[PDB]
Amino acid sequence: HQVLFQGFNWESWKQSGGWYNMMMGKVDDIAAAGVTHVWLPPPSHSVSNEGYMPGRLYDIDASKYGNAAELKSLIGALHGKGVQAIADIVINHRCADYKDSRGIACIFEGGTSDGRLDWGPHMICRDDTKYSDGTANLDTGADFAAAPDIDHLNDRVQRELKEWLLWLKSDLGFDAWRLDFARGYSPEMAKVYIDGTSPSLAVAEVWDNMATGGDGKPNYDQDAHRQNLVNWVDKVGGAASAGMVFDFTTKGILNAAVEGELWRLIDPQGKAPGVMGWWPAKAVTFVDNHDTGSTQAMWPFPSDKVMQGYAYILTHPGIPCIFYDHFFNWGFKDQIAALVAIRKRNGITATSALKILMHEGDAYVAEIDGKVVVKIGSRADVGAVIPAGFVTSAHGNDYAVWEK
C-alpha cells in the first residue's frame, strides 16, 4: 500500500487562521481514508504568496501559510496517524532579498545570523544575464524568467542546500521531497540533492508539452512524452534512487480519453499509455494539481468526469496522489476512500499487474492482479467481459468496481 495526498491548492495561503491550523482538522479524515503521504507547500519565506518565489529559505515563519511552530504541530499530527510528510522543494531559482553594488537584486539572505545561503551573483548562472555577474557556471536546465536561476554546479550551493534540506527533516519533520520545476536542472543535479538527503521518496515535476493533433487534441502515441520521463528517472539512479516522477503522460492522455475516447488508454503493447505502463513504481499518477486545476486551471480535468479518474488511478498500477479540493470540497469524500480501501483491501500497489479487458471509446474495463476489475465510461452494459467470481462493489457516476 502507498498513496499520496496534495494537502493544499492555489488559494490555501489566504486561509483565515493559517493553512496548517485549519489542516490539523483534516488529519484523521486523511489518515483514516488510506493516505500514507502528504504533500505540503513551500514552507519558506517567498516573495510571492503561494511560495514558489522563495528567498529567505530558513525563514519559515514569514510564510503566508503558517510558521515553524505550526508546521511541526501539523507534521507531528500526521506522524501520529502514521502518515509521512513531504516538502515542496523549490531550488531551480530563488529571489535575492536585497540590492547589490549595481542596483540589480542579487544579494541573497539565507534567513539566519550567519551567511548561510547569503550568496551573491556568483551563485547565479552566468547565462541568466539579467542578474548574473558572468562568473558562475552555465544553467544546467531550463530558465525561469521571473527570477534568478541558481548555479547548481556551484560547490557552495550544493553544500548549503543539502544542509538546509537536511535541516527541514531534522527540525520540522519532513520525510520526502517534491521537486518543483525539475525541468530547470539536469537530473544529474537532482541526484546530488536526492542522495545527500535521502528522503523516503522524491517525486519531481518534469512537465514538457504533449504532442498534439492539428485539432488541439493530444496525439495517440505518447511514447516520446513518457520516454522523457522514464529517462529523467534513468539518469537519477533509477532502481536505486529515491526519486520518481509525476505521470504527466497519464494526465494528458486521460484528459482526452474520458471524453468518449477511452480507446486512448492502451498502447499497441496491451499496456497503459502513461509512465504507468513502462515504469509503474516511479510514476505518481494524479487527476489535477495546483497548476492544472484549482484556480490556475492551466490544464483542468473534465469536471463532470473527475471521479472516472480516481476510479482509474486509485486502482491501477502506479502511485496515486489525491487532490485536496477533490477530497473535501467536491462532494466525493466517501466515494474516494472507498476505493483506496479496495486498493488496500486487495493488497494492490505501484507494481500490481494490469490486464486491460476492454478499451473502446466509451468503455474501459480492466483487471488488476486478477483481484480487482474497474470500468469507467458511459456504456450501461459490459457484463459480457467481467471474469468469473466477480461480485460488484464500489461505483457511481459512470464507473463501477467488482472485487473477486
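Numbering starts at 1 and follows the sequence shown.
Return whichever of 392-400 and 19-27 has the greater mean Cα B factor according to the PDB record. The stretch with the larger mean CA B-factor is 392-400.
Mean CA B-factor: is it higher for 170-178 or for 255-263? So the stretch with the higher mean C-alpha B-factor is 255-263.
Pick out which of 42, 347, 66, 361 has the highest C-alpha B-factor in the PDB entry. If I rank 42, 347, 66, 361 by C-alpha B-factor, first place goes to 361.
Tell me which of 106, 229, 87, 322 tops the list for C-alpha B factor in the record. Most elevated C-alpha B-factor of the set, per the entry: 106.
Name the third of the chain's ranked CA B-factors that contains residue 82, choosing lowest, middle or highest. Middle third.
Ranked C-alpha temperature factor of residue 117 among modelled chain residues, by third: Middle third by C-alpha B-factor.
For the chain shown, is the CA B-factor of residue 233 in the lowest, middle or highest third of its modelled residues? It falls in the top third of the chain.
For residue 332, the third of its chain into which the C-alpha B factor falls: For residue 332, the deposited C-alpha B-factor lands in the highest third.
Ranking the modelled residues of this chain by C-alpha B-factor as given in the entry, is residue 48 in the lowest, middle or highest third? Top third by C-alpha B-factor.
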